[PDB]
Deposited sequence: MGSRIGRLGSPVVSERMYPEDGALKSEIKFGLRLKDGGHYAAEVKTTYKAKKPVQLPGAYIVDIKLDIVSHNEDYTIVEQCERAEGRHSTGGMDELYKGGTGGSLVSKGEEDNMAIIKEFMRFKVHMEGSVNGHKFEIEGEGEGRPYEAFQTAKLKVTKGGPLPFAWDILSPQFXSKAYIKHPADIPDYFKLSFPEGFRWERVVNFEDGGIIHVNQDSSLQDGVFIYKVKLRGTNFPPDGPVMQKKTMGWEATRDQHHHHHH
């Protein structure tokens, strides 16, 4: 079940001049179980930018294609901002209509070093993007791809007119983000990202450190089957 994956909600709130977020979601296990995670992110524009009020980004992220050892992976994402209903039942520039990105990630999980280079594209106002990721070093990865999927693009969220789009407004200079993922079994991921615009292309530079994953746990043993809310 990698296609038509469930929607996950990033809870955005302004704080200390930054846009922060929380996700309290987890990985589906092959054995039908749940592997819970908390994600805290801080996004900070490189220039001063209008902050929105707190709001929700609904995200659908799919692995649409991969080779046999996940050293080539294709990911697709649909993201849309919306107002909180406060517990009620919900209802229905230099940034062109089409934009490419390039991503470079340097990583280590449980001390296994790896490098991923990717190229993506999509429609920043229509809530659509794809990327093709290639493991250039440390491949094949001896851990679940799922832990990396959400580290690969905030400019491609459709915002309604009334919600300031912090990510689009930050360009061309862009924004940095710092993320901690805490898994229920002691697994920790720390991510630092720099997002820029160079020659009409988004440039993503990602540093990732994963540690304290149990060697027999679902990440190191590749027992995960995508994210759920």
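Against the full deposited sequence, the model leaves out several stretches, namely 1-5, 98-114, 175, 253-262.
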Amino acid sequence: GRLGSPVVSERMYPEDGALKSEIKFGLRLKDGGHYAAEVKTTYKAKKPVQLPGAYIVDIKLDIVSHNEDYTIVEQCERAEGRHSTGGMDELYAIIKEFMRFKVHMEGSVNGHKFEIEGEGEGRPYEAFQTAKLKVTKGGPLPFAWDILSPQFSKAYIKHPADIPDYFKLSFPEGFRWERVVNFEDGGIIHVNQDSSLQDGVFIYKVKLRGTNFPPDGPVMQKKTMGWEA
From here on, numbers count along this sequence of modelled residues.
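Looking at mean Cα B-factors across 160-168 and 27-35, the upper value is held by 27-35.
On average the C-alpha atoms of 82-90 have higher B-factors than those of the other stretch, with 95-103 and 82-90 being the two compared. Looking at the C-alpha B-factors along this chain, the one for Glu126 belongs to the highest third. When all modelled residues of the chain are sorted by CA temperature factor, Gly17 is found within the highest third.
Remark: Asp62 belongs to the middle third of its chain, ranked by C-alpha B-factor as recorded.
Per-chain ranking of the deposited C-alpha B factor places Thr42 in the lowest third. In the deposited entry, the Cα temperature factor of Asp199 places it in the highest third of its chain's modelled residues.
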